[PDB]
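Novice: following this: a sequence and the matching experimental structure.
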Amino acid sequence: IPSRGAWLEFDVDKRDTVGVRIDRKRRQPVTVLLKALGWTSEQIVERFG
DNA sequence: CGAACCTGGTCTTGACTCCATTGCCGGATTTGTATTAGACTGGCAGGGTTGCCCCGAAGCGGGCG
């Protein structure tokens, strides 16, 4: 929660996945956001092995 | 018993004053409408965190002509 910004939440749902809901609208997985910052899949496995 | 009175109003008549009420009539003001020729070309921007309940909508896994 910031001050006067936009929220973002990283949950773990009923399954073994991880919605990354960004600004109140219909969830997400992490990898869309990690690649959206510019992390390759190898960098994802490297950071999260 | 009558004469004369003077006074209760009762009402009218005429003369005079005042005053509203239109009626023009002109100036003040008030409201509407139109017109300005260099070019100018897709909005800010904010909030929002309760909880529970009922119901209806969109979707995903499941089978099938």
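Specialist: Nice, I can see it. Residues are numbered from 1 along each chain as shown, chains lettered A, B, ... in the order given.

Novice: got the residues of chain A near DNA strand B?
Specialist: A:3-7, A:23 (C-beta under 7 Å from any atom of the strand). The C-beta positions use only the backbone N, C-alpha and C, and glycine is treated the same way.

Novice: and the residue nearest to residue A:43 when sequence neighbours are not counted, how far from DNA strand B?
Specialist: Once flanking residues are discounted, residue A:43 sits nearest to residue A:34: 7.9 Å by C-beta to C-beta, 6 or more residues apart in numbering. Look at residue A:34 and DNA strand B: by C-beta to the nearest atom of the strand, to the nearest Å, they are 22 Å apart.

Novice: give me the contacts around the helix or strand residue A:34 falls within.
Specialist: Assigned by DSSP states H and E, residue A:34 falls within helix A:30-37. If you take C-beta atoms under 8 Å, 6 or more residues apart in numbering as the criterion, helix A:30-37 is touched by A:10, A:18, A:20, A:22, A:41, A:43-44.

Novice: and which of those residues is nearest residue A:28?
Specialist: Of all these, residue A:20 has the smallest distance to residue A:28: 3.9 Å, by C-beta to C-beta.

Novice: cool, thanks, signing off.
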